[PDB]
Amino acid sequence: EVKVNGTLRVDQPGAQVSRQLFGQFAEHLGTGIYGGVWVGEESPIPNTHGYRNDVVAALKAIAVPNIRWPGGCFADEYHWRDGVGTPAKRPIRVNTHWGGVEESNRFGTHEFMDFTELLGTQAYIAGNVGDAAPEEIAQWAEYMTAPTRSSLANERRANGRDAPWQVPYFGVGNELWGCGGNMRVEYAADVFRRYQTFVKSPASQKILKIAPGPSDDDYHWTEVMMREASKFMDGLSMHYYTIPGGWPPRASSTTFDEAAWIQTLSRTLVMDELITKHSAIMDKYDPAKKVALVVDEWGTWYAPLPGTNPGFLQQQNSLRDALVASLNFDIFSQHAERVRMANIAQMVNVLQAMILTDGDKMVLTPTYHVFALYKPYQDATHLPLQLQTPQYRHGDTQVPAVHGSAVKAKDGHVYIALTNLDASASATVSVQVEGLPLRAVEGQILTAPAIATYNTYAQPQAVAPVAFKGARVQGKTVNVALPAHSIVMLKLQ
């Protein structure tokens, strides 16, 4: 009864779908670092040099491409020197944005950078422009990357790291329109131009610089930043949260009806319009697309769970959140020439997390499983997938009934992702494949019995992928019986 037709053009390959679209984001916020990543060398939670083993293994298994640290709003007040040297001598600071709680600085530059090397991931460092003078980020970059025998390099060596680390991405201010200094873009562009000057790449590696970009539909911000500074940036950040009910976040993460379901998906899909319009502005100043659009905060933002400190942003992660992730990956992959990095907010225990921990307990969220399903998209080639779908309507809201994307992976196999956004109606999908003879199709499905299903320590697999039985090939057509509220990932052979 819901019928979806489409075309896959394997013969019209497009741009690389960057692995950096699967970036993570670990702010010093709530238990995102302390408990979520760092437990300390003396913890009875099994750990490697203080990093909990369960989280390390889980993040390695989805091949995290980069982690942005330490913020976020925290980064615009962070002083990197507070986080180096003997732990006993590091100052206790106040985390002003996120509960006004004490920050021990036990997890600092060496602990984060060595964590990235343990995962085999890239570091995306967020520098302080709002409350520091430019010399702070200049010295931080030298400390981390200098191969010479300068005082800062020698101080890194004294602190136990002989060789430079790689710092491939460096954010030059975070949310400058808000928590980073309430700046008009005219002022922020001047500040960016100045502060970026003093972050210099040594001969031995290139540090790419990400300029502070718009929130939501702030097109004026993009216009000015690009007009004034496009020659001085390697990327421009944009931020868009999916916030059912609007700001401030009051929607339940655990308990919701179909109206809240469709509203959430409707809001998340706005990402496509935002990327389109911000990209078009970037094209006016940067037609060769040298500057990446960097979506370095996205995801859902709900009411805090009952009983939790609201400054710690703890929320559950349901099937709804899985669909949010699949729809955003689809959208990013459709804009792959310009959108070359993204970072979901946030990695562990905060906002739309991969993982929830509580002492030695750990659970993988439905969102984690979507990152796992879409692993073949990492550094794949975009393929055009054009779907002819009816709308799913509930009350005064409508969204596409089915959404999807496709790639040719580095192993040479074609993958098709499909999502059925309808809370109760299945769909029959028929995709005509051009440019590749088919014999077979294998797949996995992520769904659950109810839209509001989430994983817990006691029921860790309520939402988890299983083998999918509803895909078949006939002639040049892939036919899919796609259940309500589900995501499938199909591999053609």
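Start at 1 and count along the sequence shown; that's the residue number.
When the two stretches 339-347 and 143-151 are set side by side, the higher mean Cα temperature factor goes to 143-151. The PDB entry reports B-factors from which the mean C-alpha value can be compared for 66-74 and 452-460; the larger average falls on 452-460. Between the residues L305, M354, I416, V295, the entry's highest C-alpha temperature factor is the one at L305. The entry assigns its greatest Cα B factor, within the set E102, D190, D218, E111, to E102. In this PDB entry, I45 carries a Cα temperature factor that places it within the highest third of its chain's modelled residues.
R194 sits in the lowest third of its chain by CA B factor, as recorded in the PDB entry. Sorting the modelled residues of the chain by their CA temperature factor places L21 in the lowest third. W301: CA B factor in the middle third of modelled residues in this chain (values from the PDB entry).
The PDB entry assigns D162 a C-alpha temperature factor belonging to the highest third of its chain's modelled residues.
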